[PDB]
Amino acid sequence: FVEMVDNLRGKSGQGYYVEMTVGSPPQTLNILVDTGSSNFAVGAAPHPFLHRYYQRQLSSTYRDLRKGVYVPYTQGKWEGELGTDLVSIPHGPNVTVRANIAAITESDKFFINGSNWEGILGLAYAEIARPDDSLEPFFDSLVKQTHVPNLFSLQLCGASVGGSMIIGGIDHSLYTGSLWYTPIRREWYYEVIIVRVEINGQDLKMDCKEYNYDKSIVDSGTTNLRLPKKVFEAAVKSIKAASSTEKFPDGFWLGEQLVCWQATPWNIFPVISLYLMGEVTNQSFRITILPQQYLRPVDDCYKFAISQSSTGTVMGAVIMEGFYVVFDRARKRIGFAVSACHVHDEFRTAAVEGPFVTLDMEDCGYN
Ligand SMILES: CO[C@H](C)C(=O)N[C@@H](Cc1ccc2c(c1)OCO2)[C@H](O)CN[C@H]1CC2(CCC2)Oc2ncc(CC(C)(C)C)cc21
């Protein structure tokens with residue numbers, strides 16, 4: 001699958017994008033890869049911050065759907081006109097599909113000044129598609145119309161940034177050791193269940209139900225490891241105590257202040273471990289991240305890449321950059337393995353380990 005290796009680019013905190021073509025003749029766009037939503041959308045108008053945009057008038061294969069669409073993310077909204085057209089991924093599989101495209105005719109806080117992408121590829125499931133689950137997501141169309149296997153994988157490497165999206169398969173050169181799989185709880189977002197959290201090999205002793213309140217998701221469109229309201233406070237209290245040697249302001253832990261060092265004590269910062277529900281009754285595994293994953297370079301004034309949430313645990317780029325991540329849509333599961341590209345020193349290294357015995361793992365799902 002070497003055709004597809006290193007096909008991702010980006011800037012820190014700004015997301016990862018892949019080159020795509022739309023329409024006939026092919027129009028090239030850079031497209032944010034987003035496992036945390038399900039719409040395919042591209043700029044269709046000359047917004048001052050856009051390098052380029054979808055020109056429907058130039059495409060013989062374009063077809064109107066005569067429907068409006070509105071999509072708001074956490075911050076950032078866009079509005080668009082639904083249609084279909086022919087889509088390719090140049091450094092992806094050698095195929096062309098007819099897919100739904102939201103032509104963005106108006107946005108708000110969506111397109112970033114100075115960014116190099118012109119659209120967004122929602123890779124999650126129809127249930128969370130706008131306007132409703134009858135708008136077939138790009139990946140569903142790709143599988144329906146070709147022989148490409150219902151599976152994709154992401155190696156996000158991490159002010160330039162790189163990675164790989166392997167469509168339709170797995171590339172064993174991108175990970176070391178073994179893949180461990182967690183069930184997709186339900187096909188809307190990529191929902192999984194966290195069953196135990198260890199800061200520095202030490203349990204937070206919280207009810208596991210409150211690691212997944214009100215859900216836990218794997219989301220490549222989110223930069224941060226985002227932890228729910230209760231668990232964040234518990235987590236940070238543990239991270240504070242682990243790092244008592246130095247002090248930092250209250251705003252720093254809330255992502256309200258940068259903390260600066262001269263080109264930095266990695267030790268005195270604890271590894272963070274999430275235990276995930278395994279494939280088997282009472283069997284779990286754990287994934288372990290270094291502080292180089294949760295301390296975001298932005299002197300070296302890093303940012304604290306962990307934040308509280310009203311919407312659940314979000315396993316963002318902070319988590320994903322430690323690992324090769326397999327979205328095995330065929331078997332309703334997500335695989336994790338140690339990435340061949342993750343940022344590590346010589347003292348500590350990112351890990352995926354198992355099996356472990358954890359009882360009552362189902363009780364960790366919120367209802
Ligand atoms: C956490 O905020 C980040 C920046 C963000 O919103 N990322 C976007 C993808 C995105 C969106 C806008 C962007 C962008 C990337 O780069 C800059 O502009 C990602 O899709 C968010 N994924 C979940 C993440 C969550 C948090 C828990 C679910 O909130 C969301 N809310 C709304 C949506 C859209 C739909 C309701 C239509 C599905 C999705 C999500």
Side-chain angles (χ1 to χ4, degrees), residues 1-21 28-37 40 51 88-93 112 114-124 138-139 142 148 151-177 179-180 190 217-226 287-298 303 305 314-329 334-344 349-352:
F1 287 108
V2 282
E3 38 199 297
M4 295 173 274
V5 168
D6 195 37
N7 70 356
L8 299 183
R9 287 296 177 268
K11 266 58 68 198
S12 284
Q14 283 205 180
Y16 291 81
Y17 57 81
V18 67
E19 182 185 298
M20 300 182 81
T21 72
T28 305
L29 302 161
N30 287 333
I31 306 293
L32 219 45
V33 170
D34 183 23
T35 67
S37 72
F40 185 39
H51 288 79
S88 278
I89 305 150
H91 299 120
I112 305 166
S115 86
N116 191 230
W117 52 269
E118 298 82 55
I120 183 160
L121 178 61
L123 287 163
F138 171 86
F139 207 86
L142 177 67
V148 176
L151 175 157
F152 69 90
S153 48
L154 294 176
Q155 192 206 36
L156 308 182
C157 295
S160 262
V161 129
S164 299
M165 183 171 56
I166 309 303
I167 306 282
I170 293 148
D171 195 28
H172 319 298
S173 56
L174 300 177
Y175 74 95
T176 56
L179 276 161
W180 289 83
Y190 290 103
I217 74 165
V218 182
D219 181 358
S220 72
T222 299
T223 316
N224 281 352
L225 200 217
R226 284 180 45 172
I287 60 168
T288 287
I289 65 153
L290 282 34
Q292 16 282 106
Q293 329 288 343
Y294 69 85
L295 287 185
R296 271 197 58 246
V298 63
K303 202 187 172 184
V314 177
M315 297 166 71
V318 162
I319 286 289
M320 294 180 78
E321 281 171 10
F323 314 106
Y324 184 51
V325 187
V326 178
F327 296 78
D328 189 344
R329 292 156 61 90
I334 295 158
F336 286 86
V338 177
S339 176
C341 78
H342 77 104
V343 179
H344 67 274
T349 303
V352 188

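FYI, the numbering just counts along the sequence from 1.
One side chain, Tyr17 or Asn116, offers a donor N or O that lies under 3.5 Å from an acceptor on the other. If you check the side chains of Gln155 and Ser339, you find a donor sitting under 3.5 Å from an acceptor.
For the atom pair OG (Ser164) and OH (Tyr16), the distance works out to 10.5 Å, reported to the nearest 0.5 Å. Taken to the nearest 0.5 Å, the CG atom of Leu179 stands 9.0 Å off from the OG atom of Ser153. Atom CG in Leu32 sits 8.5 Å away from atom OG in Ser115 (nearest 0.5 Å). Note that the CZ atom of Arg296 and the OG atom of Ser12 stand 5.5 Å from one another [nearest 0.5 Å]. Rounding to the nearest 0.5 Å gives a distance of 12.0 Å between NE2 of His91 and CD1 of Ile166. Rounded to the nearest 0.5 Å, atoms CG (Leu151) and CD1 (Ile167) are 9.5 Å apart.
Between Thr223 and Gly13, the shortest heavy-atom distance links the atoms OG1-O, 3.5 Å. The two residues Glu321 and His342 come nearest to each other via the heavy atoms O-CB, 3.4 Å. Nearest heavy atom pair, residue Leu8 against residue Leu154, reads CD1-CD2, 4.3 Å. Here the closest non-hydrogen pair linking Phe336 and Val218 is CZ-CG2, 4.3 Å. Between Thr349 and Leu290, the shortest heavy-atom distance links the atoms C-CD1, 3.4 Å.
Between the side chain of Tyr294 and the backbone N or O of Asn224, no donor-acceptor pair lies under 3.5 Å. A distance-only check finds no donor-acceptor pair linking the side chain of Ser88 to the backbone of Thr21 [under 3.5 Å]. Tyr190 contributes a side-chain N or O that, together with a main-chain N or O of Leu123, makes up a donor-acceptor pair within less than 3.5 Å. Between the side chain of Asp34 and the backbone N or O of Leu121 there is no donor-acceptor pair closer than 3.5 Å. Side-chain atoms of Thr176 never come within 3.5 Å of backbone atoms of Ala340 as a donor-acceptor pair (strictly under, hydrogens ignored). At least one donor-acceptor pair closer than 3.5 Å links the side chain of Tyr324 to the backbone N or O of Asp171. In this structure, the side chain of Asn7 engages the main chain of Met165 through a donor-acceptor pair within 3.5 Å. No donor-acceptor pair under 3.5 Å is formed between the side chain of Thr288 and the backbone N or O of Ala350.
A search for salt bridge (charged side-chain N to carboxylate O under 4.0 Å, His left out) contacts involving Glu118 returns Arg52, not counting sequence neighbours. Under the rule for a salt bridge (charged side-chain N to carboxylate O under 4.0 Å, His left out), the partners of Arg329 that lie at least two apart in sequence or sit in another chain are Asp140.
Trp117 has its side chain out of reach of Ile31: every pair of non-hydrogen atoms, C-beta onward, lies at least 4.5 Å apart.
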Give the C-alpha distance, both sets of side-chain angles, the deciding distance and a yes or no for side-chain contact (heavy atoms from CB on, under 4.5 Å) between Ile334 and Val326. CA-CA 5 Å; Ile334 295 158; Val326 178; 6.0 Å; no

Run the numbers on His172 and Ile170 for side-chain contact (heavy atoms from CB on, under 4.5 Å), then give the verdict. CA-CA 6 Å; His172 319 298; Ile170 293 148; 3.7 Å; yes

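Applying the salt bridge (charged side-chain N to carboxylate O under 4.0 Å, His left out) test to pairs two or more places apart or on separate chains, those with a residue in residues 4-16 are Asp6-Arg9.
If you run side-chain contact (heavy atoms from CB on, under 4.5 Å) between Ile89 and each of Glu19, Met4, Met20, only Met20 comes through. Tested against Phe139, the residues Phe152, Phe40, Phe327 include a single ring pair (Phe, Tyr, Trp, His ring centres under 6.0 Å) partner, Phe152.
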